[PDB]
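**Student:** Input: one structure, supplied below.
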Amino acid sequence: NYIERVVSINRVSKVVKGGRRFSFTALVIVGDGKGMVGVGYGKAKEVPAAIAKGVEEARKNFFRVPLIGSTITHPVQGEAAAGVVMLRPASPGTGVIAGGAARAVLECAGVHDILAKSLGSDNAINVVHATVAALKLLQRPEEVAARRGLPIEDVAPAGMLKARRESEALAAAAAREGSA
RNA sequence: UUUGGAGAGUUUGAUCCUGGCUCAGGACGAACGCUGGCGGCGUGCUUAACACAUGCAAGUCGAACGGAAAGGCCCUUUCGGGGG
């Protein structure tokens, strides 16, 4: 059930003795819709083969996204070559609101509620890399408290833990109709 | 202890970056074009502090005053009017 999302298709041109020898590049994000996401860049003579290579590269380099509900743990500004993407968590119902690249990677990760904004290098590839760098900079409170050597309560805020418990209930207790 | 940022196109054979230009949105004391049924609530010289016909826009008090021109009342009466 992996959700896949192409963001950009570009006809690139090598030049040779005869002339322009073309190919196609597909930027394909794929995700589980629940927090695992991967990015791929497929380069191939034909568009569908490019997309397939992108899918394969993505499913190879999947990575897991920290979440507290259907948003992210904390705000974070990821940088790439020159893509700069701030991410800011958001209350539920405001909706993932972002440009098509950040939007695609977030929607494939399953982040339905988030604030995002590209601040440099409108190019979708570097934007996606910047967004991914942000998501990799993300830090779940459990591993944070481990990193500190403390409880979770005295490093994380009560609002985050409230939403955490709420989401955990709505996951487990509401998985009853799926498990039975 | 609550909150709220979307991008796209365009330099190149193609790429990335920078960088500008443009667009998508919202608003208006608005104007124009096409069109036009109803109501409600508002709103209307943003320019010539340019010139202005005309009519109204600051009067009131007779319990401040002399008074009595118009009405009123009463005497008068040639019914013309005259007095208080």
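Letters A, B, ... mark the chains of the structure tokens in the order given; residue numbers begin at 1 per chain; ligand numbers begin at 1, in order shown.
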Give the strand (DSSP E) residues of chain A, as DSSP finds them on the backbone, and put them as a PyMOL selection string.
**Tutor:** chain A and resi 3-15+20-31+36-44+62-64+76-79+84-89+96-97+114-120
**Student:** Mind dumping a table of every chain B residue within 10 Å of chain A, with the nearest atom pair and its distance in Å to one decimal, using only C-alpha atoms (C1' of nucleotides), sorted by chain and rising number, as JSON lines?
**Tutor:**
{"residue": "B:3", "atom": "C1'", "partner": "A:91", "partner_atom": "CA", "distance": 9.0}
{"residue": "B:4", "atom": "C1'", "partner": "A:90", "partner_atom": "CA", "distance": 7.9}
{"residue": "B:5", "atom": "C1'", "partner": "A:117", "partner_atom": "CA", "distance": 6.3}
{"residue": "B:6", "atom": "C1'", "partner": "A:98", "partner_atom": "CA", "distance": 3.8}
{"residue": "B:7", "atom": "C1'", "partner": "A:99", "partner_atom": "CA", "distance": 5.4}
{"residue": "B:8", "atom": "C1'", "partner": "A:122", "partner_atom": "CA", "distance": 9.5}
{"residue": "B:13", "atom": "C1'", "partner": "A:15", "partner_atom": "CA", "distance": 6.1}
{"residue": "B:14", "atom": "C1'", "partner": "A:13", "partner_atom": "CA", "distance": 4.4}
{"residue": "B:15", "atom": "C1'", "partner": "A:12", "partner_atom": "CA", "distance": 8.2}
{"residue": "B:16", "atom": "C1'", "partner": "A:81", "partner_atom": "CA", "distance": 8.9}
{"residue": "B:17", "atom": "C1'", "partner": "A:82", "partner_atom": "CA", "distance": 7.6}
{"residue": "B:18", "atom": "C1'", "partner": "A:121", "partner_atom": "CA", "distance": 9.5}
**Student:** Keeping only N, CA and C atoms (P, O5', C5', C4', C3', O3' and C1' of nucleotides), write those residues as a PDB file, in the first residue's frame.
**Tutor:**
ATOM      1  P     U B   3      -4.838  27.616  20.185  1.00  0.00           P
ATOM      2  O5'   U B   3      -4.513  29.065  19.606  1.00  0.00           O
ATOM      3  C5'   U B   3      -4.160  29.252  18.240  1.00  0.00           C
ATOM      4  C4'   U B   3      -2.990  30.191  18.111  1.00  0.00           C
ATOM      5  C3'   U B   3      -2.084  29.964  16.909  1.00  0.00           C
ATOM      6  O3'   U B   3      -2.536  30.638  15.747  1.00  0.00           O
ATOM      7  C1'   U B   3      -0.773  30.083  18.874  1.00  0.00           C
ATOM      8  P     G B   4      -3.883  30.183  15.001  1.00  0.00           P
ATOM      9  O5'   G B   4      -3.526  30.323  13.455  1.00  0.00           O
ATOM     10  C5'   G B   4      -3.125  31.572  12.915  1.00  0.00           C
ATOM     11  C4'   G B   4      -1.726  31.505  12.345  1.00  0.00           C
ATOM     12  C3'   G B   4      -1.524  30.542  11.183  1.00  0.00           C
ATOM     13  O3'   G B   4      -1.813  31.133   9.928  1.00  0.00           O
ATOM     14  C1'   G B   4       0.202  30.252  12.811  1.00  0.00           C
ATOM     15  P     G B   5      -1.356  30.414   8.566  1.00  0.00           P
ATOM     16  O5'   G B   5       0.191  30.748   8.467  1.00  0.00           O
ATOM     17  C5'   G B   5       1.053  29.928   7.695  1.00  0.00           C
ATOM     18  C4'   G B   5       1.985  30.743   6.840  1.00  0.00           C
ATOM     19  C3'   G B   5       2.552  30.019   5.618  1.00  0.00           C
ATOM     20  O3'   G B   5       2.633  30.933   4.531  1.00  0.00           O
ATOM     21  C1'   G B   5       4.301  30.895   6.866  1.00  0.00           C
ATOM     22  P     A B   6       2.346  30.445   3.031  1.00  0.00           P
ATOM     23  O5'   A B   6       3.533  29.428   2.738  1.00  0.00           O
ATOM     24  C5'   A B   6       3.361  28.025   2.879  1.00  0.00           C
ATOM     25  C4'   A B   6       3.762  27.252   1.649  1.00  0.00           C
ATOM     26  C3'   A B   6       3.863  28.041   0.352  1.00  0.00           C
ATOM     27  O3'   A B   6       4.854  27.449  -0.480  1.00  0.00           O
ATOM     28  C1'   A B   6       2.202  26.402   0.129  1.00  0.00           C
ATOM     29  P     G B   7       6.397  27.845  -0.303  1.00  0.00           P
ATOM     30  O5'   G B   7       6.965  27.785  -1.779  1.00  0.00           O
ATOM     31  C5'   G B   7       6.949  26.564  -2.484  1.00  0.00           C
ATOM     32  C4'   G B   7       5.827  26.512  -3.480  1.00  0.00           C
ATOM     33  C3'   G B   7       6.225  26.699  -4.928  1.00  0.00           C
ATOM     34  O3'   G B   7       6.734  25.522  -5.520  1.00  0.00           O
ATOM     35  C1'   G B   7       4.413  28.096  -4.452  1.00  0.00           C
ATOM     36  P     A B   8       7.920  25.614  -6.594  1.00  0.00           P
ATOM     37  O5'   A B   8       7.195  26.143  -7.900  1.00  0.00           O
ATOM     38  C5'   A B   8       6.093  25.433  -8.426  1.00  0.00           C
ATOM     39  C4'   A B   8       5.457  26.154  -9.581  1.00  0.00           C
ATOM     40  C3'   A B   8       6.394  26.610 -10.679  1.00  0.00           C
ATOM     41  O3'   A B   8       6.735  25.575 -11.581  1.00  0.00           O
ATOM     42  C1'   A B   8       4.972  28.379 -10.090  1.00  0.00           C
ATOM     43  P     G B  13      21.577  27.195 -25.228  1.00  0.00           P
ATOM     44  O5'   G B  13      21.200  25.668 -25.067  1.00  0.00           O
ATOM     45  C5'   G B  13      20.521  24.982 -26.097  1.00  0.00           C
ATOM     46  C4'   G B  13      20.542  23.501 -25.866  1.00  0.00           C
ATOM     47  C3'   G B  13      20.243  23.063 -24.451  1.00  0.00           C
ATOM     48  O3'   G B  13      18.856  23.028 -24.182  1.00  0.00           O
ATOM     49  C1'   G B  13      22.168  21.951 -25.222  1.00  0.00           C
ATOM     50  P     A B  14      18.248  23.902 -22.985  1.00  0.00           P
ATOM     51  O5'   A B  14      18.524  22.996 -21.720  1.00  0.00           O
ATOM     52  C5'   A B  14      17.923  21.722 -21.670  1.00  0.00           C
ATOM     53  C4'   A B  14      18.733  20.734 -20.888  1.00  0.00           C
ATOM     54  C3'   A B  14      18.975  21.057 -19.434  1.00  0.00           C
ATOM     55  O3'   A B  14      17.859  20.835 -18.596  1.00  0.00           O
ATOM     56  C1'   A B  14      20.976  20.338 -20.400  1.00  0.00           C
ATOM     57  P     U B  15      17.643  21.777 -17.318  1.00  0.00           P
ATOM     58  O5'   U B  15      18.932  21.493 -16.447  1.00  0.00           O
ATOM     59  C5'   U B  15      19.125  20.198 -15.931  1.00  0.00           C
ATOM     60  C4'   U B  15      20.246  20.117 -14.932  1.00  0.00           C
ATOM     61  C3'   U B  15      20.195  21.084 -13.776  1.00  0.00           C
ATOM     62  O3'   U B  15      19.220  20.746 -12.814  1.00  0.00           O
ATOM     63  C1'   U B  15      22.387  20.967 -14.580  1.00  0.00           C
ATOM     64  P     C B  16      18.426  21.903 -12.048  1.00  0.00           P
ATOM     65  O5'   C B  16      19.503  22.447 -11.025  1.00  0.00           O
ATOM     66  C5'   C B  16      20.151  21.538 -10.161  1.00  0.00           C
ATOM     67  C4'   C B  16      21.295  22.170  -9.426  1.00  0.00           C
ATOM     68  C3'   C B  16      21.052  23.550  -8.863  1.00  0.00           C
ATOM     69  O3'   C B  16      20.277  23.577  -7.687  1.00  0.00           O
ATOM     70  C1'   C B  16      23.104  23.540  -9.958  1.00  0.00           C
ATOM     71  P     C B  17      19.368  24.861  -7.392  1.00  0.00           P
ATOM     72  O5'   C B  17      20.424  26.020  -7.174  1.00  0.00           O
ATOM     73  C5'   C B  17      21.360  25.911  -6.126  1.00  0.00           C
ATOM     74  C4'   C B  17      22.380  27.011  -6.149  1.00  0.00           C
ATOM     75  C3'   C B  17      21.839  28.419  -6.087  1.00  0.00           C
ATOM     76  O3'   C B  17      21.478  28.821  -4.782  1.00  0.00           O
ATOM     77  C1'   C B  17      23.449  28.289  -7.781  1.00  0.00           C
ATOM     78  P     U B  18      20.291  29.874  -4.574  1.00  0.00           P
ATOM     79  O5'   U B  18      20.903  31.229  -5.112  1.00  0.00           O
ATOM     80  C5'   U B  18      22.097  31.728  -4.550  1.00  0.00           C
ATOM     81  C4'   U B  18      22.670  32.854  -5.359  1.00  0.00           C
ATOM     82  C3'   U B  18      21.755  34.032  -5.577  1.00  0.00           C
ATOM     83  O3'   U B  18      21.744  34.928  -4.489  1.00  0.00           O
ATOM     84  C1'   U B  18      22.757  33.421  -7.619  1.00  0.00           C
TER      85        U B  18
END
**Student:** Hey, what does DSSP flag as helix (DSSP H, G or I) within region 15-124 of chain A? Can you give it to me as JSON, numbers by chain?
**Tutor:** {"A": [47, 48, 49, 50, 51, 52, 53, 54, 55, 56, 57, 58, 59, 60, 100, 101, 102, 103, 104, 105, 106, 107, 108, 109, 124]}
**Student:** Show me, as a list in words, the residues that have an atom within 12 Å of residue 84 (chain B) when counting only C-alpha atoms (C1' of nucleotides), minus same-chain residues fewer than 6 positions from it.
**Tutor:** residues 68, 73, 74, 75 and 76 of chain B
**Student:** Mind writing the picked residues with N, CA and C atoms (P, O5', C5', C4', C3', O3' and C1' of nucleotides) as a PDB file, in the first residue's frame?
**Tutor:**
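So part_4.pdb came out as:
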ATOM      1  P     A B  68     -48.241 102.959  23.028  1.00  0.00           P
ATOM      2  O5'   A B  68     -48.547 101.984  21.814  1.00  0.00           O
ATOM      3  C5'   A B  68     -47.697 101.953  20.673  1.00  0.00           C
ATOM      4  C4'   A B  68     -48.035 100.792  19.783  1.00  0.00           C
ATOM      5  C3'   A B  68     -49.526 100.619  19.528  1.00  0.00           C
ATOM      6  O3'   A B  68     -49.763 100.118  18.218  1.00  0.00           O
ATOM      7  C1'   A B  68     -48.688  98.712  20.641  1.00  0.00           C
ATOM      8  P     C B  73     -62.023  88.563  19.847  1.00  0.00           P
ATOM      9  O5'   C B  73     -62.027  89.236  21.285  1.00  0.00           O
ATOM     10  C5'   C B  73     -61.893  88.427  22.441  1.00  0.00           C
ATOM     11  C4'   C B  73     -61.845  89.248  23.701  1.00  0.00           C
ATOM     12  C3'   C B  73     -62.816  90.412  23.776  1.00  0.00           C
ATOM     13  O3'   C B  73     -64.141  90.024  24.095  1.00  0.00           O
ATOM     14  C1'   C B  73     -60.693  91.153  24.428  1.00  0.00           C
ATOM     15  P     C B  74     -65.384  90.879  23.542  1.00  0.00           P
ATOM     16  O5'   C B  74     -65.291  92.242  24.354  1.00  0.00           O
ATOM     17  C5'   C B  74     -65.348  92.232  25.770  1.00  0.00           C
ATOM     18  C4'   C B  74     -65.028  93.585  26.349  1.00  0.00           C
ATOM     19  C3'   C B  74     -65.850  94.740  25.810  1.00  0.00           C
ATOM     20  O3'   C B  74     -67.135  94.815  26.398  1.00  0.00           O
ATOM     21  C1'   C B  74     -63.574  95.356  25.854  1.00  0.00           C
ATOM     22  P     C B  75     -68.225  95.840  25.820  1.00  0.00           P
ATOM     23  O5'   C B  75     -67.838  97.225  26.500  1.00  0.00           O
ATOM     24  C5'   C B  75     -68.415  98.436  26.045  1.00  0.00           C
ATOM     25  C4'   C B  75     -67.472  99.597  26.217  1.00  0.00           C
ATOM     26  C3'   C B  75     -67.802 100.832  25.387  1.00  0.00           C
ATOM     27  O3'   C B  75     -68.755 101.663  26.046  1.00  0.00           O
ATOM     28  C1'   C B  75     -65.524 100.252  25.088  1.00  0.00           C
ATOM     29  P     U B  76     -69.003 103.220  25.686  1.00  0.00           P
ATOM     30  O5'   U B  76     -70.116 103.205  24.546  1.00  0.00           O
ATOM     31  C5'   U B  76     -69.880 102.640  23.265  1.00  0.00           C
ATOM     32  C4'   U B  76     -68.853 103.424  22.492  1.00  0.00           C
ATOM     33  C3'   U B  76     -69.271 103.853  21.096  1.00  0.00           C
ATOM     34  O3'   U B  76     -70.021 105.054  21.117  1.00  0.00           O
ATOM     35  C1'   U B  76     -67.131 102.851  21.009  1.00  0.00           C
TER      36        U B  76
END
**Student:** Kindly give the distance, in Å, that separates CA of residue 173 (chain A) and CA of residue 70 (chain A), rounded to a single decimal.
**Tutor:**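 So the answer is 16.7 Å.
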**Student:** What is the CA of residue 143 (chain A)-CA of residue 65 (chain A) distance in Å, reported with one decimal?
**Tutor:**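 So the two atoms, CA of residue 143 (chain A) and CA of residue 65 (chain A), lie 13.0 Å apart.
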**Student:** Find the distance between CA of residue 27 (chain A) and CA of residue 56 (chain A) and write it in Å to one decimal.
**Tutor:**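 These two atoms are separated by 11.5 Å.
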**Student:** Write out as a PyMOL selection string the residues lying within 12 Å of region 40-52 of chain B, counting only C-alpha atoms (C1' of nucleotides) and excluding same-chain residues fewer than 4 positions away.
**Tutor:** chain B and resi 28-31
